[PDB]
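> An experimental structure, sequence included, is below.
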Amino acid sequence: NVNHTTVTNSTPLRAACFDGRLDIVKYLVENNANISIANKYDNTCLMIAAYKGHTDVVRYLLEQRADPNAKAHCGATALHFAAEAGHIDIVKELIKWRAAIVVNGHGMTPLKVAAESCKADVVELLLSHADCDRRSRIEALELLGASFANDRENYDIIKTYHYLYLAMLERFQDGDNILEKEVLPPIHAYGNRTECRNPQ
Amino acid sequence: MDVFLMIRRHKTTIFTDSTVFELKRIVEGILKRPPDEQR
Amino acid sequence: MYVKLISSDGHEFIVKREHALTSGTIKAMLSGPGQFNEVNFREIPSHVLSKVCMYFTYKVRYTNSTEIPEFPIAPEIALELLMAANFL
Amino acid sequence: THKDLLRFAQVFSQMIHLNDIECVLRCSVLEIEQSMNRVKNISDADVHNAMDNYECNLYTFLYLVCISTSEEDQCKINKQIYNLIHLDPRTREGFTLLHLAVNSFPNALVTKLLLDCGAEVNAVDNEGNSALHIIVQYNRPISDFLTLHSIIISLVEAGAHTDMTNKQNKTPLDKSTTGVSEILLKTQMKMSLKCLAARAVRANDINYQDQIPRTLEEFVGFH
Ligand SMILES: [Zn+2]
């Protein structure tokens, strides 16, 4: 019980959610549940549910009209938080409820998280529910390939060039609306070449 | 630059893509006629 | 170093030699037992040659992405333009 | 061996991930695949021993050729796949080996070799389906950009019309609804004065009414 628990705003309902037994759904989740808790980085139930790889209780939470909004120490609620989690199923679950999000100033846009994560499939799913500016599409595809050039988990030189060709050709179909690539003079530390702007 | 001349002479046609005199010069380059004559 | 076609109906035309290469049989009958440089294609009306040359020039009008406008569509001469496309 | 042969093939697939041979395993259906066809000829209901055995046929080359992907033995393997060079089994709905290969399986090495050996590039199925008509509609565009590239590039080199029409007026470009396949198509075709002229003639209510040469009729009916 929340009275018989640790000091720092814990709840044995959440501790049971670690186990994930069906007895929780039978007795506690079905009955009244812990309303709200917080911690140092401002954890809420909607976050720890997504973080838990078990999703039947998380889905059941939505089945219980789970609140689609929450906060943490930074501006993250499940689009900045399911991004690095990699659990595509709950990403689709949250898209199912047509939830939205704004940028996180401390971090980046939820789309941009997967760009530096080297993960890819997430972008297409996110773009599906994305009805934002087309200008975002141009710059959201040149960073996914760029990360593959110098990373650790998955290194493949061939995909890097391929993923930038679509990127440039999506900027010349706009009918003399070329959003050119303004560049600073080359830095001697990073070689001596210059960022490319012509198609060839 | 942007050269696109729909030239149409008397029963003669030049699809040639320069001063007006140079145009007559091109006419001389083809019809081989005096530029003033092909004013 | 420019070429000139001869019209069977009586009104031949002078054109650039860049188009001479871009063709089906012009290269064929500009070389051989003849012409080792004007040929009368006697198999066509004169007005068709206007659109033929317009397309010929349109070839270089849009060479090497994305946006390209439409070539001037033949409203009522296409029935004879088709029988001409295969010939050359 | 209706399912037992597929079982040993499964056994071979096992050691594949478990970490002349291929010619001999194919020699299993060398004529058997043809006796399959003969029994289908004998009775129409005999395609029931065969519904998956067309698939399990092309499933084999989905794996035995997959591992296949000496030069004399490789020419032998080409002879082995040369069995249905003209013995083309008309499957249900007219989907050939290429036609099921393109539909998603979604492979490039199998699809390139089946084209390399030789097949009907512009084969038309029931309801006017074309090989390029299927590839454009794909549900995982951004997931793999290195496979659609290979398939689209390989298909056009063999020769297929990019201005084809279905039974109803639906060009392969028109049927494509994905945002990327349109660009990776539009950046490769050639154009001719012939197609641009015939397209309007077919579009116009004016009919040729057999006033054109017969050899020119299937450059207009197709369009
Ligand atoms: Zn065509």
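Cool, got the structure. Numbering: from 1, shown residues only, chains lettered A, B, ... in the order given.
> Skip the chain neighbours and tell me the closest residue to the residue nearest in space to the middle of chain B.
Residue closest to the average C-alpha location in chain B (Cα atoms, centre = their mean): residue B:27, at 3.6 Å. Distance criterion Cβ to Cβ, 6 or more residues apart in numbering or on different chains; nearest residue to residue B:27, sequence neighbours excluded, is residue B:38 at 3.8 Å. For every residue, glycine as well, the C-beta is placed using N, CA and C.
> Can I take it that that neighbour is in a helix?
No - looking at residue B:38 with DSSP: H, G, I helix; E, B strand; the rest coil, it is coil, so not inside a helix.
> can you map out the strands along chain C?
Taking DSSP state E as the criterion, chain C carries its strands at C:3-7, C:13-15, C:40-41.
> who's in contact with the helix or strand residue D:41 falls within?
Using DSSP states H and E, residue D:41 maps to helix D:32-42. Residues outside helix D:32-42 that contact it (Cβ atoms under 8 Å, 6 or more residues apart in numbering or on different chains) are D:1, D:29, D:46, D:47, D:49, D:50, D:53, D:57, D:83, D:87, D:89.
> Make TSV from the strands of chain C and add distance to residue D:108 to it.
What follows is the strands of chain C, written out as TSV (distance: least, Cβ to Cβ, whole Å):
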stretch	distance to residue D:108
strand C:3-7	46
strand C:13-15	45
strand C:40-41	47
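> Quick one: closest of the ones you listed to residue A:148.
Checking these against residue A:148 by Cβ to Cβ gives strand C:13-15 as the closest, at 51.3 Å.
> thinking again about what came up before, residues touching whatever helix or strand the residue nearest to the centre of chain B lives in, excluding its own?
Following DSSP H and E, one finds residue B:27 within helix B:20-31. Residues external to helix B:20-31 that are found in contact with it (Cβ under 8 Å, 6+ apart): B:5, B:9, B:12, B:14, B:16, B:18, B:33-36, B:38-39, C:2, C:14.
> Just the closest of those residues to residue C:36, please.
Distance to residue C:36 across the contacts of helix B:20-31 (Cβ to Cβ) is lowest for residue C:2, with 19.1 Å.
> what about that closest one, distance to chain B?
Residue C:2 sits at a distance of 7 Å from chain B (criterion: Cβ to the nearest Cβ, to the nearest Å).
> now that residue, nearest residue through space, not along the chain?
Closest residue to residue C:2 apart from its sequence neighbours, by Cβ to Cβ, 6+ apart: residue C:17 at 5.5 Å.
> dump the residue contacts of that neighbour.
With Cβ under 8 Å, 6+ apart, residue C:17 has these contacts: C:1, C:2, C:3.
> Which residues are in contact with the spatially most central residue of chain A?
The centre of chain A sits closest to residue A:83, judged by Cα atoms, centre = their mean, with a distance of 2.5 Å. Taking Cβ under 8 Å, 6+ apart, we find residue A:83 in contact with A:91, A:110, A:113, A:114, A:117, A:122.
> before we move on, what about residue C:87?
Residues near residue C:87 by Cβ under 8 Å, 6+ apart: C:25, C:43, C:44.
> Quick check: residues of chain A near the ion?
By Cβ under 5 Å from the ion, no part of chain A sits against the ion.
> Okay, helices next: where are they in chain A?
Along chain A, the stretches classed as helices by DSSP state H are A:12-19, A:22-23, A:45-51, A:56-63, A:82-85, A:88-96, A:110-117, A:121-129, A:134-139, A:142-149, A:157-169.
> now chain D
All helices of chain D, identified by DSSP H, fall at D:4-18, D:21-27, D:32-42, D:51-68, D:71-81, D:97-102, D:109-117, D:131-135, D:145-158, D:172-175, D:183-186, D:193-203.
> So for residue A:119, what's the nearest residue that isn't a sequence neighbour?
Of all residues apart from its sequence neighbours, residue A:86 sits closest to residue A:119 (Cβ to Cβ, 6+ apart), at 6.5 Å.
> Go ahead and confirm the one you found touches residue A:120.
No - distance between residue A:86 and residue A:120: 11.3 Å, which falls outside the contact criterion (Cβ atoms under 8 Å).
> and the residue of chain A nearest chain D?
Of all residues in chain A, residue A:124 sits closest to chain D, at 3.8 Å by Cβ to the nearest Cβ.
> need the contact list for that residue.
Counted by Cβ under 8 Å, 6+ apart, residue A:124 has contacts D:140, D:141, D:142, D:143.
> Among these, which one has the most neighbours?
Ranked by neighbour count (other Cβ atoms under 10 Å in any protein chain shown), these have residue D:142 at the top, with 20 neighbours.
> ok, and the closest non-adjacent residue to that residue?
Using Cβ to Cβ, 6+ apart and skipping the chain neighbours, the partner closest in space to residue D:142 is residue A:124 (3.8 Å).
> Residue A:185: which of the strands of chain C is closest?
The closest of these to residue A:185 is strand C:13-15. By Cβ to Cβ, the value is 48.9 Å.
> So is the closest one next to chain B?
Yes - Strand C:13-15 lies within reach of chain B by Cβ under 8 Å from any Cβ of the partner chain, at C:13, C:14, C:15.
> Is that strand in proximity to chain D?
No - on the criterion Cβ under 8 Å from any Cβ, strand C:13-15 is out of touch with chain D, staying 15.3 Å away.
> Check which helices and strands that strand sits against.
Contacts defined by 3 or more Cβ pairs under 8 Å, 6 or more residues apart in numbering or on different chains; DSSP states H and E place strand C:13-15 against strand B:12-14, strand C:3-7, helix C:46-61.
> Just send those back as a markdown table, with distance to residue A:53 and mean neighbour count too.
Formatted as a markdown table, these follow (distance: least, Cβ to Cβ, whole Å; neighbours: other Cβ atoms under 10 Å in any protein chain shown):
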| stretch | distance to residue A:53 | mean neighbour count |
| --- | --- | --- |
| strand B:12-14 | 78 | 18 |
| strand C:3-7 | 75 | 17 |
| helix C:46-61 | 60 | 17 |
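> out of those, nearest to residue D:65?
Using Cβ to Cβ, the nearest of the helices and strands packed on strand C:13-15 to residue D:65 is helix C:46-61, at 42.6 Å.
> and the closest one, what does it pack onto?
strand C:3-7, strand C:13-15, helix C:18-21, helix C:78-85.
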